[PDB]
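*Asks:*
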Amino acid sequence: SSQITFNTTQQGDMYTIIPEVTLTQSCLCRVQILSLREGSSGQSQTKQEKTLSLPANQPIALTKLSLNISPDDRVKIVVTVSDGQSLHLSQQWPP
């Protein structure tokens with residue numbers, strides 16, 4: 003049931019997205035966070051790749067993404083958790 007989810011809150015057009023990994027087996031895992039926002043007022047992009055010790059059964063919060071999302075912006079947050087064996091999980095926000 004190992005899964006990536008997203009906790010989200012908002013101040014008007016100001017959104018805070020905190021990705022959460024919960025794994026059934028602990029892991030020395032490769033974690034990648036991509037973000038892209040684009041629209042009328044320009045654009046913003048992030049990428050990060052990190053190896054971390056994630057325990058089992060315990061939701062581990064990834065770094066905050068703070069995005070100004072206007073009407074008709076195109077936005078994406080993509081989180082990928084892998085152990086380089088048989089775990090490969092990937093989820094996008096919004097859902």
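Each residue of the sequence shown is one higher than the one before, starting from 3 at the first, in PDB author numbering.
Cβ coordinates follow ideal geometry from the N, Cα and C atoms, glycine included.
Can you have a look at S28 and say buried or exposed, based on whether 16 or more other CB atoms are within 10 angstroms of its CB?
*Replies:* Classification for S28: exposed.
*Asks:* To the nearest angstrom, how far is the alpha carbon of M16 from that of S42?
*Replies:* So the two alpha carbons sit approximately 16 Å from each other.
*Asks:* Measure the Cβ-Cβ separation of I62 and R39 and say whether it is below 9 Å.
*Replies:* Against a cut-off of 9 Å, the Cβ pair of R39 and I62 comes out as no contact.
*Asks:* Check for me: the beta strand (DSSP E) holding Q27 runs from which residue to which?
*Replies:* From DSSP, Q27 is part of no beta strand (DSSP E); its letter is neither H nor E.
*Asks:* On the CB-based measure, 16 or more other CB atoms within 10 Å of its CB, does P21 come out buried or exposed?
*Replies:* It counts as buried.
*Asks:* In this structure, does DSSP put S3 in helix, strand or coil?
*Replies:* Correct three-state label for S3: coil.
*Asks:* Tell me whether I62 sits in a helix, a strand or coil according to DSSP, three-state version.
*Replies:* Here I62 sits in strand by DSSP.
*Asks:* Identify, in the order they occur along the chain, each residue of the same chain with its Cβ nearer than 7 Å to the Cβ of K49, setting aside the five sequence neighbours on each side.
*Replies:* Only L36 meet the Cβ criterion.
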